[PDB]
């Protein structure tokens, strides 16, 4: 057969001289795009993403490559694995992170520390970027290492700087050009060398933690993901077919930090910029916190079901946020039939999540902040099929539950204790991203946390 429609490519440049959502109106919801010397099928709109990821879930359950980090991951780890490797790691990961209320108690604890830290500034202007990277890194440190770090620790901070520098280098023009031609640019200096060095330095720290965990291991009292994985690693020691080896341990742990920090942190950074721009919304979240939780006890995950306005605001922050606008690349596991077109085995697929989050079928005002998008006539929370910020299908975000608990407990715990102000008036606040790509990031801003 033939691949979906699209612009006619060129020998090596592919469709370079024709550069996803731009091409949609001419070719359609599903089209073929050549990113140099490789073809990609793009899925635009809620229904075409749902058709592929939900209706043909096993076929679209493959994972593609991100050329700038593929030299680190090399198909290992829970995010970038495929086939049996992926199934075994994902199954083990859901099971272990589910075995350790404790993720909620640790998020509550991390929110109590954040309040304590914001209270020391005493209403001073600060850039919350570093503290939001720190609380989301501390939830994973707690899960994978069985402990958290102090916000003023220089070991912790040196690893964050180096790590968050990598996300900025990944979602950049330099790295975007690398994706189009990495078989040629790998031989020259570029951001790929810095991304490589920064993630190798974090892998070295993970490797040290794993040997320290093994050296202090109590097999009858596992305390975290690494301990559990080391016990599965000694169980499967005899089987050479086992996926539970050292290379998958380091790159699974890296995968959880790579995925579990940047995006949640930015969601919180973006949310506080919207709460600065729309104080009537922040005031209303505080009114709802005051009625359900009050001012003495801290927020708990059970409070969310009784706080639909706050819950709707958080949905709208993720929707308008649109942090992963093209999704994480997929691949077809076989030669698939899709809308009359034939997608050959191993072809890369891009579920353009942004086109679902801004779909005018499901959102009255797609480009405007409207918490009413998730509230019905009775003031109750309603969800629609356009809301897919964590994607869907078999590759659906493994930390969806963690991420959603973090946003609830950090937004409400901060707002119960603090009000916010900025030198920029609400009407002059801009929400333009700082660096687009695999991970959206908004512009840096200043904010005061005023104790109540």
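Numbering follows the first chain given and starts at 1.
Quick one: classify how much of the deposited chain lacks coordinates between residue 100 and residue 101, choosing none, 1 to 3, 4 to 9, or 10 or more.
Some 4 to 9 residues are missing between them.
Count up the deposited residues without coordinates from residue 19 to residue 20 and drop the result into none, 1 to 3, 4 to 9, or 10 or more.
According to the record, 4 to 9 deposited residues lack coordinates from residue 19 to residue 20.
So which stretch wins on mean C-alpha B-factor, 175 to 183 or 364 to 372?
According to the entry, 175 to 183 carries the higher average C-alpha B-factor.
Mean CA temperature factor from the deposited coordinates, higher in 215 to 223 or in 301 to 309?
Mean CA B-factor is higher for 215 to 223.
From 343, 274, 202, 328, can you pick the one with the highest C-alpha B factor in the entry?
Checking the PDB record, the top C-alpha B-factor among 343, 274, 202, 328 is at 343.
Compared with the other modelled residues in the chain, in which third is the CA B-factor of residue 394?
Middle third by C-alpha B-factor.
Would you check the entry's CA temperature factor for residue 76 and let me know if it's in the chain's lowest, middle or highest third?
Tercile = middle for this residue's CA B-factor.
Check where residue 318 lands among this chain's C-alpha B-factors and tell me if it's the lowest, middle or highest third.
Within its chain, residue 318 is a lowest-third residue by C-alpha B-factor, going by the deposited values.
State the tercile, meaning the lowest, middle or highest third, of residue 112 with respect to the CA B-factors recorded for its chain.
Middle third, going by the recorded CA B-factors of the chain.
Could you look up the Cα B-factor of residue 207 in the entry and say which third of the chain it sits in: lowest, middle or highest?
Its C-alpha B-factor belongs to the lowest third of this chain's values.
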